[PDB]
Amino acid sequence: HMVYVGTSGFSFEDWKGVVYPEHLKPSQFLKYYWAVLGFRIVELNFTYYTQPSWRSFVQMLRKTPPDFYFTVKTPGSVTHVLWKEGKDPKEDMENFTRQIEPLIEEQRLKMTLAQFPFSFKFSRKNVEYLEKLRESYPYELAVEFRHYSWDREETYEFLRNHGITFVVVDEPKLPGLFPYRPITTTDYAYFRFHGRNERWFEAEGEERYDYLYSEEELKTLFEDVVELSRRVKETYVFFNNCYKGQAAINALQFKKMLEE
């Protein structure tokens, strides 16, 4: 019933003079992340504007110990585009599978994440789209919704019928957003904590994720994580409030709680 806590990404300059030493080189960020901060997992989103690149990650992986794992976001087309256009994610996900085929075979990849935007709403066509995604990708899959319309029984029945792991989310407590539902649809749990910034809908970029969970709220989240973890093979917990290392601070606080 292992629980793996980490953060969304590791490659931030914001973190220098917070959780990374002032004078740490960016090429030693990943080593510092797993060797010193002690995180055994990280959630990644490879783009052409994010660090690390896919190439630089796969080379740097050869210098990473066997017991370091990760989860990965699906391409942006699959979660933010094709469903708006009535298109099948088959070609995009098969292409994507090839990219990450290496690391599944090397047992480094624990889960693939499909996180959908606010504009993705509960409808018959969008559920149909989720069925197209499921059949395009035969490996461990997890789904997160942003829109409130999705928090209904039919959604959990669908996930359960198709073996999709439900992403338990903590987000701002604001109109329209998906609530915190500590529920399992599979034999894995997946938690994502974005913080609770009340300015979520106005904020520029990762100023949206400017939030630092209190010890009181971490404790309430923690008791749910341990309660669920007993019902599943493994649980993956990621902190996404990465603005100025807040995610790392909270993830380290949370990791400490797990240690007793």
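Heads up: residue numbers just count along the shown sequence, starting at 1.
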| item | value |
| --- | --- |
| Comparing 98-106 with 171-179, the one whose average Cα B-factor in the PDB entry is higher | 98-106 |
| Mean temperature factor over C-alpha atoms, higher-scoring stretch between 56-64 and 40-48 | 56-64 |
| Chain-wide C-alpha B factor ranking for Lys31, given as lowest, middle or highest third | lowest |
| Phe166, C-alpha B-factor rank within chain (lowest, middle or highest third) | highest |
| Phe191 CA temperature factor, ranked by third within the chain | lowest |
| Third of the chain, ranked by Cα B-factor, where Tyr236 sits | middle |
| Chain third (lowest, middle, highest) by recorded CA B-factor, residue given as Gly245 | lowest |
